[PDB]
Amino acid sequence: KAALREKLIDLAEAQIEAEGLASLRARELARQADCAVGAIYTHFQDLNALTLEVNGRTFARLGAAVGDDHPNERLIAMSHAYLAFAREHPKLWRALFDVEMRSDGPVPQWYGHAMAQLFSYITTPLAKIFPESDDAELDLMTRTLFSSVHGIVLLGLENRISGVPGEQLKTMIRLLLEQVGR
Amino acid sequence: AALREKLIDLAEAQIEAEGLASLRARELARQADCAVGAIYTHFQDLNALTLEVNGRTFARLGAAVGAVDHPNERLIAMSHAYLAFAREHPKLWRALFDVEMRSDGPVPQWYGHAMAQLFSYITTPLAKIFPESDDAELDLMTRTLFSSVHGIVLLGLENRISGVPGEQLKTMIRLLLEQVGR
Ligand SMILES: CCCCCCCCCCCCCCCCCC(=O)O
Ligand SMILES: CCCCCCCCCCCCCCCCCC(=O)O
Ligand SMILES: [Cl-]
Ligand SMILES: [Cl-]
């Protein structure tokens with residue numbers, strides 16, 4: 001059970017990496033794990049729940065990637081690591097945004113904490129840039145700038161006709177963030 | 001002439017009712033009272049019919065953005081119009097980003113030109129804000145800010161745990177855009 005639970009998370013991560021989030025099937029994972037398909041449902045409520053565990057690991061990788069007198073430079077460096085991550089782990093990266101997870105519904109504490117912890121890396125330099133801003137103001141700015149970088153990265157990496165060209169993604173993130181708070 | 005236009009009218013109605021993923025040649029042909037082959041006679045594939053519907057969505061966007069020296073306020077107003085559109089026409093809005101369309105592959109000239117015409121509305125105030133920037137620099141900044149607003153709207157409307165809250169989307173679009181031109 002302890003071994004099986006871990007083995008299923010390992011295999012789920014492997015599948016997402018190979019063929020994407022949409023390719024994950026209970027029959028196939030059970031076959032790879034050498035268990036009954038119902039053994040998957042003994043450890044996770046559904047495939048979405050198993051995907052959240054994979055996303056837990058993806059957050060950990062992102063947190064390692066992200067990690068003081070130049071706060072705009074810190075924001076840029078972190079954004080460049082986000083871009084590099086998205087490029088390096090495209091399918092795991094897309095699973096973070098494609099899994100069923102909403103601010104409306106129940107967010108599990110471990111999951112909500114991991115995401116809150118990533119956001120604190122962005123809020124630190126923003127507090128230096130905006131010394132007069134309160135926590136609500138800082139939280140809103142963190143969400144705005146993160147959402148902005150994600151948009152640049154999403155449209156650019158998808159090669160959409162509206163996005164910034166691939167070769168200019170790093171440069172354009174810099175140019176956007178340099179302007180933040182003068 | 002009647003059937004080509006009727007197929008576009010019907011494809012738009014289907015996308016609005018059930019989303020891009022629900023679009024089928026068999027069902028469209030049934031509604032239009034034609035054979036499935038009559039669809040492929042007017043459009044190479046469903047992708048091509050989807051581009052025609054997206055063409056109408058661009059025209060909807062163009063009308064909303066054109067409505068009536070404060071270029072930062074113009075960017076904010078246009079961005080607010082983009083937010084409103086995304087909330088009001090969520091399925092047609094998603095079809096613009098979900099259709100198979102890359103800058104690597106063939107982009108039909110009429111389609112690229114229509115999207116470029118929308119971008120010219122953003123570039124005009126950007127040229128006032130950044131008078132020292134050349135055309136290349138302005139196009140990259142147009143792409144960067146569009147992508148930033150889109151990220152804000154996308155993660156906000158999807159109620160993602162990393163997004164700016166629904167009730168705060170307009171405010172954060174304002175707080176992002178006022179910082180442009182530092
Ligand atoms: C910073 C100002 C942003 C203002 C946005 C509103 C202005 C006009 C609309 C421009 C966006 C058109 C939609 C582009 C859709 C792209 C779909 C794709 O890349 O395939
Ligand atoms: C403006 C600075 C942006 C820098 C971002 C990189 C540094 C911090 C990491 C933030 C990672 C958040 C990833 C959240 C994944 C999506 C979760 C969700 O909304 O479903
Ligand atoms: Cl991956
Ligand atoms: Cl719609």
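Just so it is clear, the values below take in all heavy atoms, side chains as well, and ignore hydrogens, waters and symmetry mates. Letters A, B, ... are given to chains in the order of the sequence lines, protein chains preceding strands, and every chain is numbered from 1.
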Engineer: Taking the side chain as every heavy atom from C-beta outward, state whether A:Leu154 and B:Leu154 have any pair of such atoms under 4.5 Å apart.
Structural biologist: yes

Engineer: Can you give me the closest heavy-atom contact between B:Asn47 and B:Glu100, atom names plus distance?
Structural biologist: OD1-O, 3.3 Å

Engineer: Could you check whether any side-chain N or O of A:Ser147 sits under 3.5 Å from a backbone N or O of A:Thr144, counting only pairs where one atom can act as donor and the other as acceptor?
Structural biologist: no

Engineer: Please name the pair of heavy atoms, one in B:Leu61 and one in B:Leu96, separated by the smallest distance, quoted to 0.1 Å.
Structural biologist: CD1-CD1, 3.7 Å

Engineer: How about B:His70 and B:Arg74: do any of their side-chain heavy atoms sit closer than 4.5 Å?
Structural biologist: no

Engineer: Calculate, to the nearest 0.5 Å, the distance between atoms OG1 and CZ belonging to A:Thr124 and A:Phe119 respectively.
Structural biologist: 13.0 Å

Engineer: In sequence, state the C-alpha distance, the side-chain angles, and the governing distance for A:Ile129 and A:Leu75, and then conclude on side-chain contact (heavy atoms from CB on, under 4.5 Å).
Structural biologist: CA-CA 10 Å; A:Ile129 296 169; A:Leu75 291 173; 3.6 Å; yes

Engineer: At their closest point, which heavy atom of B:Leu3 faces which heavy atom of B:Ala38, and how far apart are they?
Structural biologist: CD2-CB, 3.8 Å

Engineer: Quick one: closest heavy-atom pair of B:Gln168 and B:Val164, and the distance?
Structural biologist: O-CG1, 3.6 Å

Engineer: Grab the two heavy atoms, one from A:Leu8 and one from A:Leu29, that are nearest each other, plus how far apart they are.
Structural biologist: CD2-O, 4.2 Å

Engineer: Using modelled atom types only, decide if a donor and an acceptor are shared between the side chain of A:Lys91 and the backbone of A:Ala18 within a distance under 3.5 Å.
Structural biologist: yes

Engineer: Do other residues, nucleotides or ligands put more than 12 heavy atoms under 6.0 Å from B:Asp104 CG?
Structural biologist: yes

Engineer: Set out, in order, the CA-CA distance, both residues' side-chain angles and the distance that settles side-chain contact (heavy atoms from CB on, under 4.5 Å) for A:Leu50 and A:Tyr41, then state yes or no.
Structural biologist: CA-CA 10 Å; A:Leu50 177 52; A:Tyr41 305 116; over 6 Å; no

Engineer: Rounded to the nearest 0.5 Å, how far apart are CG of A:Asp139 and OG of A:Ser133?
Structural biologist: 11.5 Å

Engineer: Tell me the salt bridge (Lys or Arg N to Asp or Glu O under 4.0 Å) pairs involving residues 156-173 of chain A, sequence neighbours left out?
Structural biologist: A:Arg94-A:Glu158

Engineer: If only atom types and distance count, is the side chain of A:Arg143 paired as donor or acceptor with the main-chain N or O of A:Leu138 below 3.5 Å?
Structural biologist: no

Engineer: Kindly check if the number of other-residue, nucleotide or ligand heavy atoms within 6.0 Å of NZ (A:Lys7) is above 12?
Structural biologist: no

Engineer: Taking side chain as C-beta onward, heavy atoms only, is A:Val66 less than 4.5 Å from A:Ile122?
Structural biologist: no

Engineer: Apply the test salt bridge (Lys or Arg N to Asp or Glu O under 4.0 Å) to residues B:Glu52 and B:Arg4: give CA-CA distance (whole Å), side-chain angles for both, the deciding distance (0.1 Å), then the verdict.
Structural biologist: CA-CA 10 Å; B:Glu52 295 291 344; B:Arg4 190 170 183 282; 3.3 Å; yes

Engineer: By the salt bridge (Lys or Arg N to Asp or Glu O under 4.0 Å) test, which pairs, at least two apart or in different chains, include something from residues 33-52 of chain A?
Structural biologist: none

Engineer: Is there side-chain contact between B:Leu176 and A:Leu145, with at least one heavy-atom pair below 4.5 Å?
Structural biologist: yes

Engineer: Going by the angle between their ring planes, with limits at 30° and 60°, are A:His150 and A:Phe146 parallel, tilted or perpendicular?
Structural biologist: parallel

Engineer: Run the side-chain contact (heavy atoms from CB on, under 4.5 Å) test on A:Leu169 and A:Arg87 for me, step by step, so that the C-alpha distance in whole Å, both residues' side-chain angles and the decisive distance to 0.1 Å come before the verdict.
Structural biologist: CA-CA 11 Å; A:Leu169 293 168; A:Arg87 289 186 181 282; 3.4 Å; yes

Engineer: So A:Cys35 and A:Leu4, do their side chains get closer than 4.5 Å, heavy atoms only?
Structural biologist: yes

Engineer: Just by distance, do the side chain of B:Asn72 and the backbone of B:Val180 share a donor-acceptor pair under 3.5 Å?
Structural biologist: yes

Engineer: Which pairs with one or both residues in residues 57-67 of chain B pass salt bridge (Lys or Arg N to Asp or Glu O under 4.0 Å), sequence neighbours excluded?
Structural biologist: B:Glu12-B:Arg60, B:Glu16-B:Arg60

Engineer: Does A:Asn159 offer a backbone N or O that forms a donor-acceptor pair with the side chain of B:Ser103 under 3.5 Å?
Structural biologist: yes

Engineer: I need the A:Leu177 CG to A:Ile152 CD1 distance, nearest 0.5 Å.
Structural biologist: 7.0 Å

Engineer: Is there a salt bridge (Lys or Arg N to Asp or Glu O under 4.0 Å) between B:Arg174 and B:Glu73? Walk through the geometry before answering.
Structural biologist: CA-CA 8 Å; B:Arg174 170 170 299 283; B:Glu73 182 56 53; 3.3 Å; yes

Engineer: Tell me, do A:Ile16 and A:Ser23 make a side-chain contact under 4.5 Å, heavy atoms counted?
Structural biologist: no

Engineer: Taking all non-hydrogen atoms of both residues, which atom of A:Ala26 and which atom of A:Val37 are closest, and how far apart?
Structural biologist: CB-CG1, 3.5 Å

Engineer: Do B:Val53 and B:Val99 come within less than 4.5 Å of each other through their side chains, counting heavy atoms only?
Structural biologist: no

Engineer: Is the closest side-chain heavy-atom distance between B:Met172 and A:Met141 below 4.5 Å?
Structural biologist: yes

Engineer: Looking at CE of A:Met78 and OH of A:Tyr121, how far apart are the two atoms once the value is rounded to the nearest 0.5 Å?
Structural biologist: 10.5 Å

Engineer: Can you tell me how far apart OG1 (A:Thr51) and CG (A:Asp98) are? Round to the nearest 0.5 Å.
Structural biologist: 10.0 Å

Engineer: Is the ring pair B:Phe97/B:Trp93 parallel, tilted or perpendicular, if the boundaries are 30 and 60 degrees?
Structural biologist: perpendicular

Engineer: Would you give the length of the straight line joining atom CZ of A:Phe59 to atom CG of A:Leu52, rounded to the nearest 0.5 angstrom?
Structural biologist: 8.5 Å

Engineer: A:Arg57 and A:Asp10: side-chain contact (heavy atoms from CB on, under 4.5 Å), yes or no, with the steps?
Structural biologist: CA-CA 10 Å; A:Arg57 293 182 178 182; A:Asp10 299 332; 2.9 Å; yes

Engineer: With distance as the sole test, does A:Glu178 use its side chain to make a donor-acceptor pair with the main-chain N or O of A:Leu175 at under 3.5 Å?
Structural biologist: no

